[PDB]
Every structure is written in C-alpha cells, then in structure tokens.
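Visitor: Quick one: this structure, given as structure tokens, is what I'll be asking you about.
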DNA sequence: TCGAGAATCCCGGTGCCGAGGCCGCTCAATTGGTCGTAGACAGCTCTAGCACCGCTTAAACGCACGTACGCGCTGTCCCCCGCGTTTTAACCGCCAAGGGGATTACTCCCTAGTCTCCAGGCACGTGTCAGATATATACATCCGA
DNA sequence: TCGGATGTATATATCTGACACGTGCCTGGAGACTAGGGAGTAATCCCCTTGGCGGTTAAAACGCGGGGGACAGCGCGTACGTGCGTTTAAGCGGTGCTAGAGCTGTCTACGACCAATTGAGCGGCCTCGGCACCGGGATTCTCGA
Ligand code: HEM
Ligand SMILES: *[C@@H]1O[C@H](CO)[C@@H](O)[C@H](O)[C@H]1NC(C)=O
Ligand SMILES: *[C@@H]1O[C@H](CO)[C@@H](O)[C@H](O)[C@H]1NC(C)=O
C-alpha cells in the first residue's frame, strides 16, 4: 500500500493553489452568510450578484494575506504549525486588534 | 550595594513612561536632519518648529516600533529584543 | 587613487588590470568556431553550420539589406546629432585593432 | 434693518455657523452648499470638542492640576475606545505614552 | 472655420485631452484649470498604462497565450518593485498570488 | 499683521461650559485647533464624495449625516447624529 | 439605453502600440479602466491640495508635476515627468 | 441562521495553502471564522450605509467598492 | 559628516525603555539607526518637495506637517 | 584565403561587382595571444572600457602626453599651428606613413587630424565633434586658470579633464540612452544609481562591438551644411557621403565646423524600417576614393561577427530571456513580418544561424525607442555594467562635491555648442530630439552657463 | 542507488462563446471672440535664521564583574496528516413573477449673487497667580543575612 | 525575614512668565431682494432578483493508523546589565549680521463663458477563432528495498 509521508501532499497543495486564481470558498454558503450578516443592519435587502462576488474576492484576499503574515509569525518562533496566537500577533502588529 | 540585573531596567521603564520630554539630544538631531537634507537641496534653511516637528515624529515612530519589537520578542519566548524582531515587525507592518 | 589613470589601470582594487586597455574582450557566451578553436564559419568551403550551409554575407546584404535610395524615410523625432553622438560614444568605448 | 443675530445663537451653539459656511463654500467641496449643512457640522464639531475636553479635564483633575496640557489630552484619548479609534493614526506632541508593562517581564 | 483638430493629436497622445480637461473642470478640484494641465495628466496616464500593458503582455507571452487576463496583470504588477509599491493597497480580482514557499518548509 | 483665524475662542467657550474651573495652555490649544481642523476636513471630504457618487451638486444635511455615520465609530456617531439633528430643528424653529 | 464612458478605446490603442498582436479580455479591461480612474483621482487630488496650500485658484502643469513627483515612486516618477513635459512642449509648438 | 459554519474546514485549509501554510493547528478554524465575520461585518455595514443614503433597497457592486475603498482596500475589476 | 552616530546608544536605550523593553541586544543600535535614517529620508524628501513647489528656501513646519500627513502620520500641535 | 586575410566572396549576379573572382578586402582582428592553438581566440580592446572621454585625451601614456600643449603652464591641449576656423582652435595635424586624408584630394594636401582616437577623421561630422570637445577643454582650462591663479598646469589639465569626462557621462546617460532604449527598457536595464560596486565587471563584451552597430541604420546619404540663417549654404549645400569619407580638407578649407554643426542640429535622421535597413551609399560606395573598390558596411558587420566567433541569433535570444523561434511561422510572429522571415529563412535555413547584427536590426523597434528587444537588452546591460563598475562615476561620493554636483547637473550639449563657437541659434532641450527649424530653436541667451564658482579653492 | 506507483505534464480533436470589427446617431469637443480678474513681476521692510563665543556641568564613554538568559541537545507523546468510505448539498439548467432601478415631465423652492452696515473677532498691552524649582523629610522597596 | 541602604513621593517657601482679560478697529457675516435652475414629485418600462424543482456528482464528514513536531527539562557559556571614574560637547546666556519671507501696487495675458458646427465615441449587431476541455501517452518525483 503506497503512502506519502506527512508534508508531501501539503507541499503539493501549496504549489497547486498558488498557481490558480479561482475562488476557494463555496459560493452559496458565502452568499447565505453575507445575507445573514446584512440582516442586522437593514431588513428586506436585495443584493446584486456582482456585490456578493466583490465581497467574496475581498474576503479571500484578506484571509490569504493574513495567513501569510501568520506563517511568518509561526516561523519566527521556530515552528511549522500555525496557531491562533500567531494570528493574534499578526493582527495586533497590523493594527487591527491593537 | 548592587541591584540585580533587571531592577534598574524596570525602574527606567517606569520613569520614561511617565515623562513627556524628548529623549534625543537636540543638536545631534538637528545636524543629522541638515546632513540628510543636504542631498536634496543646497543651502537650505530650517525653521526651529520644523526640526521640532521632525524630532517629535521620529521619536513617536521609534517608540511604536520598539513596542511592536517587544511583542515580537515575547512571542518567541524571549526577553531581549534582537534585529530579527525589528525586521519581522517592519515586515508585518508593511514598511519593508 | 585620486584621478583616472590614463590606461584605466588600478580602477578596481580587487583586480588592478580589470577594465584597463589592451586586454582581451570578455565573452558573455562561449565562442563558436567552425573547427572549435580559431576557425571562422566560412574559412573552409563545403563545411556546414548546424547542419546547414553557411550563407555569404555579401548575398545577405544584397537581397535583404538593400532598398532603393528614393524610398528613404526621415525620422521625425531624431536629429543627426543622435547618430553623431552614438559614433562618438562608440569611439570612446571600444576599438578592435587589426594587423597592417 | 433689525438687530443682527448670529446663526449660532439661533442654532444654540458656541461654534460659528457663518465661518463654517464660508469654509465649506471656499473649500472646493461642492458647487452649492445647503443652509442646514453648516448647522449640522458646527453641532458635530462642538459635540466632539466637548467630549474630548471633558475627558481631558477629568484627567487633569485626577493629576491634581488646574490646566490642561498635551499629556492630559493624550491620556484622555488613549483611555477611551471610541476616541482611540477616531485618532488611531494621530500623533499628539508632548503626549508621551500610556504606561503598560508586559506581565512576562515582571519578576516572579 | 478651419478643420477641427483634437488636442490629443496636437500633443501627440492617444489618451483624450478634452475629456480629461472636462473631468478636471467638473470634478471640484480648483476654481480654474490651466491649459497645460490636461495635457500633462494625459501624458502621465498614457505612460503608466503603457508600462502596465507592456509588462502584462510579456507575462502573457511567457504563458503561451494571446489574450491578457487578470492573472497576467497581477504577475506584471507584483513582479515589479515600483509598480508593487504604487499598487500596494490594491486587490486585483481573479489575480491570485505569486508562487512563494518559505525555505524552512521545504524538505 | 495679517489676521490668523482659529478655533480658540470657541474651544475656550466650550471648555468653560464643561469645566468652569479648568484652564488650558497654548500647546493644548494648538492640539485642539488641529483636531477641529482635521475632523472638519474629514467630514467635508466624505460629504463631497457622497454628493459626487449620487450625481448631485449640493451638500445638504443628509450628506453630513451620512458622513458622520461613516466616519465616527460606534456610539460616538449615534450621539453626534442626535446633536446635529437637534441643532437643525432649532435652526428651523427660529 | 444610456451613454456610459470609459477609458476602453484608448487602452486598446496603447496596447496595439505596445503589443500589436496581443488582445485583452473584458475583466482585464475593467481592471485597466479602474486603474486609470484611480491614478487620475490620486494625482488630481494631490494637485488640488497643492494649489490650496499656496493660496492659488488654478491647477497648472507645476501642480501636476509636483503631484506626480510626490505620488509616483522612484525612477518611475522621473520617467513620467519627462513624458508629461514633452507633451506640453509639443502642445505649445502646435 | 448558523451560516458561519458554511465556511468549512477544507475551505480554510485551501485558503491557508494559497498563503503558503504547510502545517495547521486544529484551533485556527474558529479563529479564522471570527476574523472573517468581523471583516465582513465592517464592510457590509459601510455598504448598507452607502445604499441607504441613495434611497435604494439593492446593494450594488459600487456600494461594496466604495465601502472597501473607505478602509484602504481598493478593489479593481467591479467598476 | 557622520552625524548618524549622534544618535547615541544611551538615547536608543531610552527610546526602548519608553517602549517597554527590558533587555536589549548589542546589534539593535545599528538597525535602529538605519530605520531612523530611512524614515527621516522619506519625510525630508517630501518636505523639501513641498518647499520647492512654493519657490521658498526655508523648510517651514507646515511642510513637515503636510509631508507627515502624506505618509499617513498625522501630527498635532504644530501648525494647523 | 591566407591569414590574416578573410576576404568577402562575391556571389553570382552581383549588382555592382560583375567579376565573381574579385573579393572585398577584409582583415581579421588581432588575437589576444597569438602563437598558440589550445587557447580559444579572443580580440583586443585598445581603449579604456569607461566613459571617461578617452577619445580626446587618449588611452596610452605616450599619445596622451603628446596631445598636451606642453610649452606653457596652463594645462591646455595642442591645437593646429597652421589653420584656424575664424580664429578658433582646430585639431592638430598628424603625420602618418600612409594618410588616407591626402588620397581624397591631392591638390589640398591636408593630412588627417590627431586626437585620442585614430578614427577621428572619417567624416567632417566626427571631426567637428572632436574639435568642439577640444575647444571646450581649452575654454574650461582658461576659466579655471583665471579663477584659480595658484594652480599649475598639471592640476588645471586634470581638473578640466575630469569635468569634461563628467559632462560626457551626464549627456550620455541623461539624453542619449533614453532615446535609444525607450522608457520601459531604460527603467528595466538602468535603474536608479545606488553606489559603487567593486564586484561589477566594466569590461566591454565582445557582442557589444556588433550590437552597437545599430547606428549604421540611421545614416543619411548626404552631408548637409547650413549658413547662419539655417539655409542651404552655397557652394555644395548637400554633399554625397561617398565624397566626404576621410576628407579633412572639407573642414579647414570649406568654412570650418559651424555649418556642419548647424546641419547636424537641424536635420532629421533616417528611420530604420524592416524594408529599408541601410542606405545604398554605405552599402556600395563606402571608402570609394581611398580603396580600390567600395566597401559594404552590412556585409562587413556580418563578416566581423563571423570572424569574432559570436553565437547566433537564438543563443542571444536565450541569453536575454526572450522566446527563441524555430520555424518560419514563429519567426514571422517574432519579427511581425512574414516576407522578412521568409527571406531570412531562405538565406540561412534556421534562426540559429542568423547573425547577431541582422537579427538585431530586423526586429521591430520598442515604443519610443530605436532598437529591438534583444539589442535593447544587450546595450542596457553593457551600459549598466559600465555605470556601476566605474569608481570615478560623477555621481559617486567623493568624486565631486555636492555644490559641484548641482553645478554639473545643469550642463547640456546646445550650451557647449553655442558657447565654444559661432552658432547663436541652437535647438531646445534634448538636442537629440529636435530637428525642425525654427519650430524648436532658441538663441541660447536663455540657457544658463555652467557655474564654475564652486571650483574655487 | 534502484524500481513501482502516482502525479503532473505535453500533444492532437472539437466545439463555442466572447472578443474584435462594422454601421448610425447624437452629444460632447472644437473654433472663433470678449472680458475681467488671478498671478507675475518689481520694490521694501523687518523678522528670524545662521554664525561665534565662553562656562558649567550633565551626558556620554570606556572598563571590569558576574549572573542570568539565549541556545543547543534529549525524550516523550499526542496531535495532525494521509487515505478510504459514505453522505450531503453545491452546482447546473430551465421557468415564472414581480419588485424596484432607471428614464422622462414639470414645476416649485432653494441657493447664488449684490449692496449695505455694523458688531464679532483679531492684534496688542498688562498683571497676577499656577506651576516650575530647591530643600528637607518620610515612606517604599529591594537585597542580603 | 528583620535590618540597612537607595530611591522616590510629599509638604513647604520663592520666583517668574504665560495665560486670562480689556480695548480699539477693521472686515466679514447678517439683512433685504431678485433670478434661474436643481431637485422633488409623479408616472411608465422592463430588467434582473428572488423563489422553485430535479438530477448528477464533486466535495464535505467520519474514522483510523502512525510518525514527526511541540513542548518540557537540563546544562553551558557568553554577553548584557550595573557601577565607577574620566572625557566631552550639549545647553544656556548674550551679540551681531543679513537673507529672505511677507506685504503693496500695477498691469497684462490667460482662463471662463458664450454661440455655432460636426465628428468621435458609444450602442447594437454579426462572426469566427482562441481557449477550455476531451482522449491518449511521457516524464518526473517519491517512498520502500
Ligand atoms: C555613420 C557612418 C559610419 C561609418 C562610415 C562607419 C565605418 C565603420 C567601419 C567600416 C567599421 C569596420 C568594423 C565594424 O563595422 O564594426 C567600423 C567600426 C565600428 N563601428 Fe562604425 N561607422 C559608422 C557609424 C557607426 C555608428 C554610428 C556606430 C554606433 C552608434 C558604429 C559602431 C561601430 C563599432 C562598435 C565599430 C567597431 C570598431 C572597430 O571594429 O574598429 N559605427 N565603423
Ligand atoms: C600650444 O602649442 C602651440 C604650438 O603650435 C603654441 O602655439 C601655443 O602657444 C601653445 N599653447 C599656449 C597656451 O601657449
Ligand atoms: C554588486 O553586484 C553583484 C552582481 O550584480 C550583486 O550580486 C551584489 O549584490 C552587488 N553588491 C552591492 C553591495 O550592491
């Protein structure tokens, strides 16, 4: 039974998803989440498809940049694993949670 | 009599976080500003308020950068700050 | 190291002769010769290059470079000082001597 | 002609409605400026000034002083969440820093 | 009257000078607009567009493709230091990210 | 000497309204003047952008209200809005 | 319907100048149009601020040149300045 | 309406893979969901304010673009 | 003309103390000097551009304030 | 075919040379180290590989000393002892065993000139440029002596030489290179200067000697001379180029260098098109009077590229990172021309065999540039290496003072032209770009002069 | 190193839908004068920026000790990765309604623009009281026995 | 773990300069009036957003085994903190000169503003070829010997 050692398929996925430009979140769940969030501010709101697509693009770009900063924070502490404290440190230095 | 290493450091931390004065001598900073500005224009004059504003901005920038550096150093389970902490803070901030 | 040496020597401290005059050209790519050492492509008749015969430079100038004189198109954005300064800077930079 | 009354008196404000109107007209913001815009802007500016000045005066009283210096303004701003968010990227001259020491550095 | 001649042709540009002048005049920027400001702005905009498009076309050609897609614009912008500094807080839709893996992660 | 208008008299009047027994220095007055100018410019710029977006050529109290809602954070904004509204209402009564 | 203007034909003209045999899609055109509008707004706003600081009522080539120097980074800025200057010179000759 | 769980663990793993992350702890999924919720709440609040000012009931793409630009997050490609 | 060494080690140590730093490595000072030089170069370049546009020869405080506002570092207490 | 001769064979049905057995003369370049065969052949660069105005001051010590005006203590340069142009200095004459200058006109009996380069007498235009630089050096030495009376001859000469070299570097890197490479290539290959780098090799590459031949495509078939009013000056307003080669008598005995400079300043250059590569005057009537038969400049370029053992077109395309064509369709796509690609493939048979010069000048030009992508790559790389590896670069710290740098940064070619001789009307900024009179001409009473007040001790 | 198994990559068909080129209008851009004010000079004053000089003296700079912290180096164990098997719901394709963006009229109000005047808000001058500066004292804290 | 030494907050005098008023004056804000166009209504139009259904299948969920990072513990040495004595320029004053920033006046030429004309760009319409998938093999990388 052939088996890959841990960290091989992870590097393959890193190479594969850094080469494509698609959207990595399913569109229907994201649309539902956006509508649920918008429910608080106003009632009976309609959304253009372009509005939801723009929100998805912005959110995915934000999350990817945050994960890059988190990876740098993890490597700083002599680690490979990504922990929540790394996310908190990145957000604090960026000034989001400062 | 002699204090243990780290007592006077905390005393200075408490003392300089209560004051509002400038921590850099004025004449060396003025000379540095004039030398830097020499590269852009020749025979330049500076208002006193211009040098004062530059000094205030520089001191605020350095203090904030040192706070971020201290956070980075503590993240790696350390007490001293090293140049790599400054580099990481400036890289996350986007200044690199 | 105050002024320029007229021969260009001692400009580089690591290599004093580097960049001076009367020295060999630097090769960015390995040289290509019909024999391998010092023979140009065309010295020996009937020898092909890369599996193809070597063309005559005069013929290439004859039926590719050639164009009738009356169809000259002046350049609306450049003067003849452009070409004159090109030649002057060129005569500054390099010169390959040949035997007399 | 009757006795002139400032628009700030009619609006019940301390900040100048007329000066704000002139600054809006001269500032190259829009082709026309409505009559109610200066009143709204003056009221908002007066509210923000009153809030920050009340906090600074409280800080000065806590420091046992009867005059506001930049240190008191910085202490007032940095101790309030909304004001700190409003002035996050703002430097106050001769303001100092908020005293905090990480718990890791304290002796154990 | 004489035959009409566009200001872009007079200045030797491809970007419009009359439209840029109108946008400056009606954009609430200043009380008056000079006659040489639209020409300068159009020239600068044309230069920046040419830079971006040349880099993007080179990226597309290296990809064995004829058309330019947002991925090529992203590759052009992010691989250039000055352009990356200019568009440092800008997200290009469908642009992806640059391939970059940290050395410590590699086996 | 050329006149130099500033928000010093009005800031002092507000301070006397809030803290009758507290004064202010000159550097603090300069800081408050800069703060007032900065907030004015921010709100006015946001209102101008809002007017441009909707293809309108007028800055009204609705634009100022929306700019205050956009810029000021959380509870602050709410209170500010209330104050502004009150003023306009009083200004309409007179 | 209506009439919506954009920097579409000019971007295509520049592209055909640079890459005569290379096309461009619709999303790429949208990105280029947004980029042109964004840079225009940045330079125009900086020039307006420069004119306001020096108590002038006119935006001229000097304001545009200074705005380009302030905004555009590094050698890029230098090249841009040259281009702009050339255009104005030509515009004066004809 | 628990639609925050629609952002699944494999989706977060894909987003982290695009960011260059090799190993992932099991506690970052909830943190990522909270961060995304905060960001979306801010942007959507600004967009809804822009929509309400125009006296509309439909959130257009331009409202989202303006809301993002207000936060220093300019987005190209949607006008 | 080596005035960057006028930013002495005690001054950097004081600036670190105000930031809450307890222990400082020996190579921090050169890095701090480089960071300060970069920041000052950017700000002074912008201020000198602002001064040149006005056809003046003295760099006023307002030019520095405008440059800092351009970098996103608004400063209160000087000018307006 | 015996060394050191590499004559050019004549193909059949030649337009000019009817006899096939005849051959165009050609001499192979000198080897770097003759007498051996294991070592690969290399060529000799007889000049310093720096932008230091080594065409006016020479590159070898004996010639450099012989150029100096060694009879006084003013640090001047030698001038002609028999002729002058309206009382202005001319280049000193030179004595040679076989002077080609006298072959052009036996009646005139005017020899070739002497300068820092042996080729300073190809035409009146190059001689005019050399004379202008010589006059500029003499004027700078005179001004420096007048301003500083304590300086001796050697110090004055060295300071004037340094200023002239810095002026040449400034003019080149600020006006000429952007107009060759274009904005994109100039930004890519010559970014902003950082500092002197001792690891950078400033030696001239072997391909650069054939990749800078591109200027052979800008040559006009005539030499134009204009009077003070920028009108065709009589007699002989336009002279065929075949009669101005190695003709120094057209400078001393035909009104000096003023008409030549005026014609250069106000005449459009030739545009390089894929169907019009090089004019027929240099292709069929080059050095007609000096030699037995006319030469062929493109043929000489290709033959020299073959002699130097340079790789083909595709090797340099790979070196510069550009795509490498393999078939006729790929070549037509790359060159944006199908007829030219078909002709090239018929001539050579494969793109790998195309000579560097032909392929470089056959490419479509860059936007606002005069070279293709490959030639732009080579030229930009060479000039970047020249700038970064030069310890005496004018922008390097310690070479010039800051006040001196600000004084030098305001020089321009039209200022020198209307300062050092009699022309009063000159072209506007970027003299290399202005060619229409009087649309873009000024009286140079508005251009500021060089401020030497910062050179006072 | 050597071989088996996956994974990714490099080439010939095959449609298809989006990018590119062609007409028709109409609505800005261009051309041709008028005018009035914004800015480009010149003069001139006086404020503040630069330079210099002498004296304290507080800061910086070397030097020596030692201790506490940074940094490797084990060792365990448990948490995350890779893979296979079931669910689940995202996704695509097609219909049907209707809410609500989006133009198009028309007509008021609301704002700009102009004199007139006349008080609110600057600049300048003054004096007194918060606050900065010694001086001694008394708690507070730390390090050692 | 009770006593000694250093450091810092506290209360009381002394002096000073800067902040809080007072006063004169000028200029910008308020009070009227008129005129024109921007925006507020209303009334259609049709577009595109929401809601529904059905089938296919790709991805999300669960479970399992194992190995390789995370984290704790333990030396070891070196480099940074703490005093201490010796330079060294920083800061404070008073002095002097002059460059240039700011203000005043004149005037001219440049940009806003009209009208009349027309052609450049936008919308709608075809149409065909670049690209996205299909099949197959080819080459490379990885993990167990
Ligand atoms: C304008 C008329 C010119 C004539 C009549 C001329 C003549 C010649 C000839 C016959 C050679 C023989 C070797 C060679 O071709 O490389 C040569 C050398 C050369 N030329 Fe030209 N040339 C001219 C212009 C230029 C220009 C304008 C440039 C550059 C912009 C240039 C670049 C070179 C170079 C690099 C050499 C090599 C030096 C050597 O081989 O001795 N030439 N010149
Ligand atoms: C240069 O030498 C020449 C020889 O012809 C002589 O006439 C001249 O005077 C010398 N230069 C000077 C400056 O004297
Ligand atoms: C000098 O040039 C080399 C070769 O290009 C480069 O690798 C190196 O970084 C440069 N050094 C500096 C100090 O710029």
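Here the Cβ positions follow ideal geometry from the backbone for every residue, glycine too, while neighbour counts run over all protein chains shown. What follows draws every value from the coordinates through simple rules; no lab data is involved.
Visitor: Using helices alone, I'd like the mean residue ellipticity at 222 nm for chain F: each DSSP H run of four-plus residues gives -39500 (n - 2.57), total over residue count, nearest 500.
Guide: The helix-only estimate for chain F comes to -24500 deg cm²/dmol at 222 nm.
Visitor: A further question follows. Return the equivalent ellipsoid semi-axes of the range I:36-77 as a descending list in whole Å, where each equals the square root of 5 times an eigenvalue of the C-alpha gyration tensor.
Guide: Values: eigenvalues 54, 31, 13 Å².
Over the Cα atoms of the range I:36-77, the semi-axes work out to 16, 13, 8 Å.
Visitor: What does the helix-only formula give at 222 nm for chain D: each DSSP H stretch with n ≥ 4 adding -39500 (n - 2.57), the total divided by the residues, and the result rounded to the nearest 500 deg cm²/dmol? It would help to have the intermediate numbers written out before the result.
Guide: Values: 5 runs with 56 residues, N = 108.
Mean residue ellipticity at 222 nm (helix-derived): -16000 deg cm²/dmol.
Visitor: What percent does the relative contact order of the range H:3-79 come to when contacts are Cα pairs within less than 8 Å and at least six residues apart? Working shown, then result.
Guide: Values: 39 pairs, mean separation 16.0, N = 77.
Once divided by the residue count of the range H:3-79, the mean separation gives 21 percent.
Visitor: How far is residue G:45 from itself in the other copies, in nm, if each label sits 7 Å out from Cα along the Cα-Cβ line, shortest first?
Guide: Result, one decimal in nm: 0.6.
Visitor: In terms of the Cα gyration tensor, with a ≥ b ≥ c the square roots of its eigenvalues, is chain C rounded because a/c is under 1.5, prolate because a/b exceeds b/c, or oblate? The partial results should precede the final answer.
Guide: Details: a/c = 3.11, a/b = 1.21, b/c = 2.57.
Since a/c reaches 1.5 but b/c is at least a/b, the shape of chain C is classed as oblate.
Visitor: A further question on this structure: Distance between Cα centroids, the range J:124-177 to the range J:402-457: provide it in whole Å.
Guide: 14
Visitor: How far, in whole Å, is the nearest Cβ of chain F from the axis relating it by rotation to chain G, and which residue carries it?
Guide: With distances in whole Å, chain F gives F:45, 5.
Visitor: Continuing with the same structure: Please report the relative contact order for chain C, taking Cα pairs under 8 Å with a sequence separation of at least 6, and give it as a percent rounded to a whole number.
Guide: On the way: 39 pairs, mean separation 8.8, N = 100.
Dividing the mean separation by the residue count of chain C yields 9 percent.
Visitor: Something else now. Which ordering of J:394, J:316, J:357, J:249 is given by a fewest-first count of other beta-carbon atoms within 10 Å?
Guide: Details: J:394 21, J:316 24, J:357 27, J:249 18.
Fewest to most other Cβ atoms nearby, the residues stand as J:249, J:394, J:316, J:357.
Visitor: Could you work out, residue by residue across J:437-443, how many beta carbons of other chains sit within 10 Å of that residue's beta carbon, and then give the average as an integer? Spell out each step's value before the answer.
Guide: Working: counts 0, 0, 2, 4, 0, 0, 0.
Per-residue shielding by partner chains comes out at 1.
Visitor: Same structure, new question: With angles folded into 0 to 90 degrees, how steeply does helix G:61-71 sit against the dominant principal axis of chain G? Use alpha carbons for both and round to 10.
Guide: Once rounded, one gets 70 degrees.
Visitor: Please say if the range J:1-132 is rounded, prolate or oblate, where rounded means a/c under 1.5 for a ≥ b ≥ c the square roots of the C-alpha gyration tensor eigenvalues, and otherwise the choice is prolate for a/b larger than b/c and oblate otherwise?
Guide: The shape class here is oblate.
Visitor: Springs between alpha-carbon pairs under 10 angstrom, Gaussian network model over chain B: which of B:43, B:85, B:68 fluctuates most?
Guide: Between B:43, B:85, B:68, it is B:43 that shows the largest mean-square fluctuation.
Visitor: A further question follows. Once the label point is set 7 Å along the Cα-to-beta-carbon vector, what list of distances in nm do you get between residue F:86 and its counterparts in the other copies?
Guide: 6.3
Visitor: Tilt of helix A:8-17 relative to the longest C-alpha principal axis of chain A, in degrees (0 to 90, nearest 10)?
Guide: On a 0 to 90 degree scale, this one is about 40.
Visitor: When chain E is treated as a GNM, springs tying every alpha-carbon pair under 10 Å, which of E:51, E:81, E:31 comes out with the largest mean-square fluctuation?
Guide: E:31
Visitor: Would you work out the relative contact order for chain G, in percent, from Cα pairs under 8 angstrom that are 6 or more residues apart? Kindly include the intermediate steps, with their values, before the conclusion.
Guide: Values: 39 pairs, mean separation 16.3, N = 94.
So the answer I get is 17 percent.
Visitor: Return B:19, A:59 ranked ascending by Cβ neighbour count within 10 Å, so the fewest neighbours appear first.
Guide: Numbers: B:19 14, A:59 22.
With the sparsest Cβ surroundings first, the list reads B:19, A:59.
Visitor: From the label point of residue F:3, set 7 Å along Cα to the beta carbon, how far off in nm is each other copy's matching point, shortest first?
Guide: 4.7
Visitor: Based on other C-beta atoms within 10 Å, arrange J:112, J:444 from fewest to most.
Guide: On the way: J:112 22, J:444 19.
Going from least to most buried by this count: J:444, J:112.
Visitor: Now a separate question. Quickly estimate the mean residue ellipticity at 222 nm for chain H, helices only: each DSSP H run with n ≥ 4 gives -39500 (n - 2.57), and the total goes over all residues, rounded to 500. Walk me through the numbers before you get to the answer.
Guide: Details: 3 runs with 46 residues, N = 79.
Computed mean residue ellipticity for chain H: -19000 deg cm²/dmol.
Visitor: On a 0 to 90° scale, report how tilted helix G:26-53 is relative to the longest principal axis of chain G, with both axes built from alpha carbons and the result rounded to the nearest 10.
Guide: Helix G:26-53 sits at roughly 10 degrees to that axis.
Visitor: Let me ask something else. Does chain A classify as rounded, prolate or oblate by the C-alpha gyration tensor (a ≥ b ≥ c root eigenvalues; a/c under 1.5 gives rounded; else a/b over b/c gives prolate, otherwise oblate)? Write out the running numbers ahead of the final one.
Guide: Numbers: a/c = 2.76, a/b = 1.49, b/c = 1.86.
Oblate is the answer for chain A, as a/c is 1.5 or above yet b/c matches or exceeds a/b.
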